[PDB]
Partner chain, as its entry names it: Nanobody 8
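Single chain ahead, by itself, as structure tokens, in the form solved without the partner chain.
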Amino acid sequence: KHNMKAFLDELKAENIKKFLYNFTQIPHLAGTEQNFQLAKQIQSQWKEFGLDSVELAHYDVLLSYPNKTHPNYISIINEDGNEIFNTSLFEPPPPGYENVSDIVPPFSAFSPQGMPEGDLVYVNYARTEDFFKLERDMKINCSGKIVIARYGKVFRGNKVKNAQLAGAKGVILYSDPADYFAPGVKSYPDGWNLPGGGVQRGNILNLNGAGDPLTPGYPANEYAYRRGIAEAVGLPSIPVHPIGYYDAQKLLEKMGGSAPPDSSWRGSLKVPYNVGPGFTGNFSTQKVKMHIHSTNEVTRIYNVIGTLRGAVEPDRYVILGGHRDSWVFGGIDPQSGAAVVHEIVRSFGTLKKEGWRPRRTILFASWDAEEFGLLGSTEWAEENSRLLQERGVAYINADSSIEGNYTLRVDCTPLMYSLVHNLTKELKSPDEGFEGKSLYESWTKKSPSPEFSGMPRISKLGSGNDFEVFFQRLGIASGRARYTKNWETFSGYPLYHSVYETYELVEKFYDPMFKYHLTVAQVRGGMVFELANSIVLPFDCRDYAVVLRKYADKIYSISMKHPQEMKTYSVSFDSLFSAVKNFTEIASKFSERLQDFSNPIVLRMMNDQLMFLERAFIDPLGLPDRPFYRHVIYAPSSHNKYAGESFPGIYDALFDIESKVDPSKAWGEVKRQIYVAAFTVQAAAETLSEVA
């Protein structure tokens, strides 16, 4: 038979291993010749594997690169203007790769150029609350200072935005061993920890879903009209540069001014973590000088788009997408994901060659320029938005397959919770101690749900990956899954976006038997298989009703911190609770009808109701000042692009409301956002009502 089991059995750990090795021998930086060559290889192989059609879709987007003959670096300068200490110009390359060329040195993509010089202020993680503590409590003024901030907790782009709004004239980002060095493990190459010379690359844009900074709304195709740089979306106004903890120690050790306000501000280096501004007595005349010469350049990028045409509903698209561009070798990010996708395509293609086709069309994507702001996925979705709007069933992301070796991690729409439960109960756990047990059992044991005993944690989608345009802009049901660490016993993974992320890191330290990679291929691939093959779409609307009530309870409790204002301004959540109650009731009736209907019009009518349910949460007017975040239930947090926020319009209207100078106007806007959310929930519910 050709069924899910056949698909799943054809997947092989040894193949994922071969593909990972193949994808990680040279850097594949977006916009470079090497990454175009890999795109062409993937296109050829997907054709060989049996897909009906495989095309490149290219765009010309703004990218950013250091100047090869004018390197970026930071100095401490004395009062004579002698640079007495300079940060490193490159990470020491890993063993056996010391002769690879075109390793891009560490830099912050899209930094403007400049050579600002000034006194340092240390701002902890540069979070909104860290700046509140500095300015409101400690009375420290960042205006015209250079801020130094440790990586971790929140997206680096939010750190830069926060520093910029505080009046900083530059930002230095560094990796503290408190966040990137796990106790009892050695530094690369002898373990999976970040060495003192290691540096995390990464873009520092605040795109809010726009895609290419120059063409918001429309694909960056051959005839595109582009904004001028001054009107570009999301570019920072002050220079930024990342360093490792050897260099950070040299910048931090002379810090004077105020002591850190509490221990949550101290990392693991042998320095006091003084906030400043400036250096102690003896060195008070020395300053810090940045030298940034990176340039922004419009550059061609290439997505690979593979099609496996559906046998019955070819006009319904189930999409499996992940990126191909990497900062350097991409051993985990993204090639651990791309190797999994490659094996999934191979397995589907094996079935196709035997005469099988999925019920619905499956689209496979190898996105470019994800590291520069989700540019390749976003431009392609802007190009194809009408097809995606009306035909998109689901999007499953496929970036890094592992960030640890402990248990599964899933973030997805509630419409996929039941699908994920049912699938993981049919898969074998790869974990030691759980041989012969299901993945559901091991995952539920290691990562229990905080709400329900006997069920695993599944999180909201945030952002910082290629599902953003599909989910928060277009309203297509979306999900992602990877293996992860025990969060209960450091930040992401230590070698994230460093030159040390290699094939050897994965094969030696994370997944020597490629069993976690194989399990992740079974989860991502099994989800795509069910979405594209199941007669009735595998979405349960009742799961959305349950989370909508949780989110309503949560946003109500935030508001009820201000009981006197809610009385004065007549702030009522009754409309929202009413809408959520109605959604619960209507979803329950729709589910009965879905169980209780040979009629392919009723089926497809009801499949269309299921498909367009995520779509009903989109507001074509967008959220305030964020027109490409249109989903009313979920947006990336205004304070941390990686984290999801529920009822974001209401959340942001309530945030720090007690500081607003005109409370009537601020509470008016809370009420406006309650109305918009209640209306959108009721409107979504009514899409599940009988159609006539």
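Positions refer to the first chain, counted from 1.
Although it is not shown, the form deposited with the partner chain bound is what the next lines describe.
Candidate site formed by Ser491, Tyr642 and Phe655: none of these residues places a non-hydrogen atom within 4.5 angstroms of the partner chain in the entry with it bound.
Looking at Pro92, you'd find a heavy atom of it within 4.5 angstroms of the partner chain in the entry with it bound.
In the entry with it bound, at least one heavy atom of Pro195 sits within 4.5 Å of a heavy atom of the partner chain. Proximity of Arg542 to the partner chain in the entry with it bound: non-hydrogen atoms within 4.5 Å are absent; the residue sits far from the partner.
Residue contact with the partner chain in the entry with it bound: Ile84 places a heavy atom within 4.5 Å of it. Contact annotation: of the candidates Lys428, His293, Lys250, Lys153, the single residue with a non-hydrogen atom within 4.5 angstroms of the partner chain in the entry with it bound is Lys250. Residue-level contacts in the entry with it bound: of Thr568, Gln113, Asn78, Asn422, one residue has a heavy atom within 4.5 Å of the partner chain, and it is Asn78. Heavy atoms within 4.5 Å of the partner chain in the entry with it bound are found in one stretch of 84 to 92, 461 to 469, 262 to 270, 156 to 164, which is 84 to 92.
Heavy atoms closer than or equal to 4.5 Å to the partner chain in the entry with it bound belong, across 266 to 292, to the residues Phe283, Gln286, ordered by sequence position.
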